[PDB]
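Engineer: Here's a structure for you.
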Amino acid sequence: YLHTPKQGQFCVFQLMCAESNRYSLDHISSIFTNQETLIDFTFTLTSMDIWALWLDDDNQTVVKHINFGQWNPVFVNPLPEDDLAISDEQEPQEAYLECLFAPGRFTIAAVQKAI
Amino acid sequence: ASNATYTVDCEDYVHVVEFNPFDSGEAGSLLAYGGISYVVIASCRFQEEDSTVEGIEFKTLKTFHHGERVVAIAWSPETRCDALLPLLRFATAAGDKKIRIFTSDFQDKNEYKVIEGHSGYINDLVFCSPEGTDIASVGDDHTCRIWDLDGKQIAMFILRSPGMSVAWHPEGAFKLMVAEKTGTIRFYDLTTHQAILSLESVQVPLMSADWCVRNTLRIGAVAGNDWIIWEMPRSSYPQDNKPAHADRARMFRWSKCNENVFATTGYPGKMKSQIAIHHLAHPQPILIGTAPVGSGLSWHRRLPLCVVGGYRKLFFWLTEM
């Protein structure tokens, strides 16, 4: 992975050894990225994929993979919504408790830390 | 087990019993009880109110054919026995999921109106206006519904579980209490149609809740095996929680004369339904009565006396104050 200020680039190479113990890189592929910030990447020889993890301009989590120019998206889970709509018929307490204790809704460690 | 202080024979099984909590202008206390297919209205006079009565004077005033098993009875505040303009009004819920409003002059004019719209069994109902114009009902359809006397639905609150008990606030206008089977007690404002507040029980199922008329900050209920008391606005948590019955509590009712006395009933059980009368200052019941199979629990308006319906009998316990 080559980080540049305008655009990122991936390059995949094969290592070649000639009869004279001379090593060279053979060039397999080159893949451009958007203005997203790269956190990590790996690649598999079983599937021939590059797996890559980024943040966008709003700091949301972006994951994509590509067989080594289109990146396949991973549907990452959004964060919970900023505002909770409460009906005129709902007790505010019940609505907020249901949201907070909902499966995958929140992590104990955060609530225990706020208390 | 204390014997009942007084016992009155009835024609059939008593499924519900309610004293008139209002002043009817008569010397006797009005009592309603629901059978398999009828509602009886009676006058009760006790030796403790009039020294000319030996024990209990029980007089049937009127019998209404209902045709269905009555599950709850609510008195209208307009109920008067005054000779100038006698008016009997009460509401009933039955196994057919309908409310019936009965009106009578204690003479020949006997009218009833049927109200439909609950999709599940009605568990409880009350008059929810000082003027006696509005009825609140709760049931297994997970609704609390408000009705005029015309049978039009004025309001509907969606509950999170079956509504098990409903009570009008004794002093504060527009405040309805609704007890839900999952342990939540909600308060609704009938002017704003909004939930104001909730309480949560530590045990489930919550089966009955009542307001203390003498101290409107106190709520009592039965949930699981235990009786539970809250004092508002101090906490959403119970102030007291103690065992009421060895196997499932069913009804809770506050005494109308004493803010520290209440009665509980066990569930229609193999060990004959126990009535337990509690005093908050005591860790144990002050009185334990046995009724062979009994449903309904009500307190006399003035006397420290409670009634439970049973197999073809009403059982009365006087509590020494």
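Labels for the structure tokens follow display order: chains A, B, ..., residues from 1 in each chain, ligands from 1.
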Identify all residues of region 159-223 of chain B in strand (DSSP E or B) (DSSP on the backbone) and supply them as a VMD selection string.

Structural biologist: chain B and resid 163 to 168 175 to 180 184 to 189 194 to 200 206 to 211 218 to 223

Engineer: Run DSSP on the backbone of this structure and report the residues of region 40-105 of chain A it assigns to helix (DSSP H, G or I), as a PyMOL selection string.

Structural biologist: chain A and resi 92-100

Engineer: Write the selection just made, keeping N, CA, C and O atoms, as a PDB file, in the first residue's frame?

Structural biologist:
ATOM      1  N   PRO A  92     -41.787   7.942  28.308  1.00  0.00           N
ATOM      2  CA  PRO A  92     -40.400   8.176  27.877  1.00  0.00           C
ATOM      3  C   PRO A  92     -39.399   7.123  28.440  1.00  0.00           C
ATOM      4  O   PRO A  92     -38.495   6.600  27.747  1.00  0.00           O
ATOM      5  N   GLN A  93     -39.589   6.769  29.699  1.00  0.00           N
ATOM      6  CA  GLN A  93     -38.750   5.758  30.380  1.00  0.00           C
ATOM      7  C   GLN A  93     -38.714   4.365  29.724  1.00  0.00           C
ATOM      8  O   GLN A  93     -37.638   3.729  29.567  1.00  0.00           O
ATOM      9  N   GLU A  94     -39.863   3.881  29.352  1.00  0.00           N
ATOM     10  CA  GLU A  94     -39.941   2.555  28.732  1.00  0.00           C
ATOM     11  C   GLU A  94     -39.226   2.557  27.384  1.00  0.00           C
ATOM     12  O   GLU A  94     -38.374   1.652  27.133  1.00  0.00           O
ATOM     13  N   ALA A  95     -39.474   3.620  26.580  1.00  0.00           N
ATOM     14  CA  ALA A  95     -38.847   3.771  25.269  1.00  0.00           C
ATOM     15  C   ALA A  95     -37.310   3.825  25.303  1.00  0.00           C
ATOM     16  O   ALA A  95     -36.574   3.082  24.599  1.00  0.00           O
ATOM     17  N   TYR A  96     -36.793   4.648  26.171  1.00  0.00           N
ATOM     18  CA  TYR A  96     -35.347   4.722  26.313  1.00  0.00           C
ATOM     19  C   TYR A  96     -34.720   3.401  26.871  1.00  0.00           C
ATOM     20  O   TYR A  96     -33.628   2.968  26.423  1.00  0.00           O
ATOM     21  N   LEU A  97     -35.380   2.740  27.834  1.00  0.00           N
ATOM     22  CA  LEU A  97     -34.878   1.431  28.362  1.00  0.00           C
ATOM     23  C   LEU A  97     -34.883   0.306  27.345  1.00  0.00           C
ATOM     24  O   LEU A  97     -33.939  -0.533  27.275  1.00  0.00           O
ATOM     25  N   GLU A  98     -35.908   0.275  26.556  1.00  0.00           N
ATOM     26  CA  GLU A  98     -35.952  -0.681  25.479  1.00  0.00           C
ATOM     27  C   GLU A  98     -34.779  -0.472  24.498  1.00  0.00           C
ATOM     28  O   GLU A  98     -34.027  -1.447  24.204  1.00  0.00           O
ATOM     29  N   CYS A  99     -34.532   0.797  24.087  1.00  0.00           N
ATOM     30  CA  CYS A  99     -33.420   1.111  23.177  1.00  0.00           C
ATOM     31  C   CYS A  99     -32.031   0.795  23.749  1.00  0.00           C
ATOM     32  O   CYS A  99     -31.162   0.129  23.119  1.00  0.00           O
ATOM     33  N   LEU A 100     -31.812   1.226  24.957  1.00  0.00           N
ATOM     34  CA  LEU A 100     -30.526   1.024  25.600  1.00  0.00           C
ATOM     35  C   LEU A 100     -30.145  -0.483  25.831  1.00  0.00           C
ATOM     36  O   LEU A 100     -28.963  -0.885  25.747  1.00  0.00           O
TER      37      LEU A 100
END

Engineer: Which residues are close to residue 76 (chain A), i.e. within 8 Å by only C-alpha atoms, leaving aside same-chain residues fewer than 4 positions away? Reply as a JSON list (two decimals) with N, CA and C atoms, in the first residue's frame.

Structural biologist:
[["chain", "number", "residue", "atom", "x", "y", "z"],
["A", 61, "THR", "N", -16.85, 3.88, 9.76],
["A", 61, "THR", "CA", -16.01, 2.66, 9.47],
["A", 61, "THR", "C", -16.33, 2.12, 8.13],
["A", 62, "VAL", "N", -15.35, 2.07, 7.21],
["A", 62, "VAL", "CA", -15.52, 1.58, 5.88],
["A", 62, "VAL", "C", -14.65, 0.29, 5.66],
["A", 63, "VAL", "N", -15.25, -0.82, 5.30],
["A", 63, "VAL", "CA", -14.53, -2.10, 4.94],
["A", 63, "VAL", "C", -14.88, -2.47, 3.56]]

Engineer: Given only C-alpha atoms as the basis, pick out the residue of B:309, B:120, B:77, B:162 nearest to residue 135 (chain B).

Structural biologist: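 Among B:309, B:120, B:77, B:162, it is B:77 that comes nearest to residue 135 (chain B).
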
Engineer: Using only C-alpha atoms, determine which residues of chain B fall within 10 Å of chain A; present them as a compact mmCIF listing (two decimals) with N, CA and C atoms, in the first residue's frame.

Structural biologist:
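Result saved to out-v7.txt:
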# COMPACT_ATOMS: atom_id res chain seq x y z
N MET B 156 -57.90 5.72 24.19
CA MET B 156 -57.29 4.39 24.25
C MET B 156 -55.78 4.52 24.44
N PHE B 157 -55.27 3.84 25.46
CA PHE B 157 -53.85 3.71 25.73
C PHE B 157 -53.39 2.29 25.41
N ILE B 158 -52.36 2.18 24.58
CA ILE B 158 -51.73 0.89 24.27
C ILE B 158 -50.76 0.54 25.41
N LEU B 159 -50.98 -0.62 26.01
CA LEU B 159 -50.18 -1.18 27.09
C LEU B 159 -49.10 -2.10 26.50
N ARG B 160 -48.05 -2.39 27.28
CA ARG B 160 -46.97 -3.30 26.88
C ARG B 160 -47.28 -4.75 27.24
N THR B 184 -45.33 -3.36 35.68
CA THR B 184 -45.34 -1.91 35.51
C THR B 184 -46.68 -1.33 35.95
N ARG B 186 -48.51 2.27 35.50
CA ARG B 186 -48.46 3.56 34.81
C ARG B 186 -49.55 4.49 35.31
N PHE B 187 -49.25 5.79 35.31
CA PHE B 187 -50.24 6.83 35.55
C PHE B 187 -50.48 7.61 34.27
N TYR B 188 -51.75 7.79 33.92
CA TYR B 188 -52.18 8.53 32.75
C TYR B 188 -52.94 9.78 33.17
N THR B 192 -54.57 15.36 29.01
CA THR B 192 -53.47 15.41 28.03
C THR B 192 -53.31 14.11 27.25
N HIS B 193 -53.98 13.03 27.68
CA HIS B 193 -53.85 11.67 27.16
C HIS B 193 -52.40 11.16 27.14
N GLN B 194 -51.62 11.49 28.17
CA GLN B 194 -50.21 11.13 28.28
C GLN B 194 -49.91 10.33 29.54
N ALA B 195 -48.92 9.44 29.45
CA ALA B 195 -48.36 8.78 30.62
C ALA B 195 -47.45 9.75 31.37
N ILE B 196 -47.73 9.96 32.66
CA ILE B 196 -47.02 10.91 33.52
C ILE B 196 -45.78 10.25 34.14
N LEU B 197 -45.93 8.99 34.56
CA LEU B 197 -44.97 8.30 35.41
C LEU B 197 -45.24 6.79 35.38
N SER B 198 -44.22 5.98 35.69
CA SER B 198 -44.37 4.56 36.01
C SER B 198 -43.67 4.13 37.30

Engineer: For residue 124 (chain B), which residue out of B:49, B:240, B:210, B:259 is the nearest one, using only C-alpha atoms?

Structural biologist: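 Ranked by minimum distance to residue 124 (chain B), first place goes to B:210.
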
Engineer: Name all residues at most 9 Å from residue 60 (chain A) (count only C-alpha atoms; drop same-chain ones fewer than 3 positions away) and give them as number ranges by chain.

Structural biologist: A: 54-57, 78-79

Engineer: Please produce an output containing N, CA, C and O atoms for each residue in the selection, written as a tab-separated table (two decimals), in the first residue's frame.

Structural biologist:
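As a result, out17.tsv now contains:
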chain	number	residue	atom	x	y	z
A	54	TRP	N	-10.84	1.17	6.25
A	54	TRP	CA	-10.67	2.63	6.22
A	54	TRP	C	-11.62	3.38	7.20
A	54	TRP	O	-12.58	2.81	7.73
A	55	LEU	N	-11.35	4.67	7.40
A	55	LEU	CA	-12.34	5.71	7.85
A	55	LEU	C	-12.62	6.71	6.72
A	55	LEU	O	-11.68	7.14	6.04
A	56	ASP	N	-13.90	7.07	6.55
A	56	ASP	CA	-14.30	8.20	5.67
A	56	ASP	C	-14.13	9.60	6.30
A	56	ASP	O	-13.58	9.69	7.37
A	57	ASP	N	-14.55	10.68	5.62
A	57	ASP	CA	-14.45	12.09	6.04
A	57	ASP	C	-15.32	12.42	7.28
A	57	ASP	O	-14.98	13.31	8.04
A	78	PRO	N	-24.25	0.82	11.52
A	78	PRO	CA	-24.23	2.23	11.91
A	78	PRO	C	-24.24	2.31	13.41
A	78	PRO	O	-24.67	1.39	14.12
A	79	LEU	N	-23.75	3.44	13.89
A	79	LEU	CA	-23.96	3.80	15.27
A	79	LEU	C	-25.47	4.04	15.58
A	79	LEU	O	-26.23	4.34	14.69

Engineer: Near region 213-229 of chain B, counting only C-alpha atoms, which residues have an atom at most 9 Å away, once you skip same-chain residues fewer than 6 positions from it, shown as a ChimeraX atom specification?

Structural biologist: /B:169-172,179,181,183,201-207,238-259,262,264,266

Engineer: Of the residues B:3, B:212, B:164, B:40, which is the one nearest to residue 232 (chain B), using only C-alpha atoms?

Structural biologist: B:212

Engineer: Residue 41 (chain A): which residues within 9 Å, counting only C-alpha atoms, same-chain residues fewer than 6 positions away excluded, as a ChimeraX atom specification?

Structural biologist: /A:1,50-53

Engineer: For residue 18 (chain B), which residue among B:282, B:152, B:300, B:234 is the nearest when counting only C-alpha atoms?

Structural biologist: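 Closest to residue 18 (chain B), using only C-alpha atoms: B:300.
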
Engineer: Do a neighbour search on residue 80 (chain B) at 9 Å with only C-alpha atoms, toss out local chain neighbours closer than 5 positions, and write the hits as a list in words.

Structural biologist: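 Here the qualifying residues turn out to be residues 22, 23, 24, 25, 26, 85, 86, 87, 88 and 89 of chain B.
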
Engineer: Grab the residues selected above and save them as a PDB file, in the first residue's frame with C-alpha atoms.

Structural biologist:
ATOM      1  CA  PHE B  22     -69.691   6.560  47.717  1.00  0.00           C
ATOM      2  CA  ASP B  23     -72.315   8.037  50.044  1.00  0.00           C
ATOM      3  CA  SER B  24     -75.761   6.800  48.888  1.00  0.00           C
ATOM      4  CA  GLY B  25     -77.700   8.881  51.518  1.00  0.00           C
ATOM      5  CA  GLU B  26     -79.025   5.684  53.231  1.00  0.00           C
ATOM      6  CA  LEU B  85     -84.671  10.838  43.161  1.00  0.00           C
ATOM      7  CA  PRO B  86     -83.248   7.315  43.740  1.00  0.00           C
ATOM      8  CA  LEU B  87     -80.620   6.413  41.110  1.00  0.00           C
ATOM      9  CA  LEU B  88     -78.601   3.200  41.001  1.00  0.00           C
ATOM     10  CA  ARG B  89     -75.769   3.195  38.436  1.00  0.00           C
TER      11      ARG B  89
END

Engineer: Point out the residue among A:2, A:21, A:80, A:67 with the least atom-to-atom distance to residue 45 (chain A), counting only C-alpha atoms.

Structural biologist: A:67
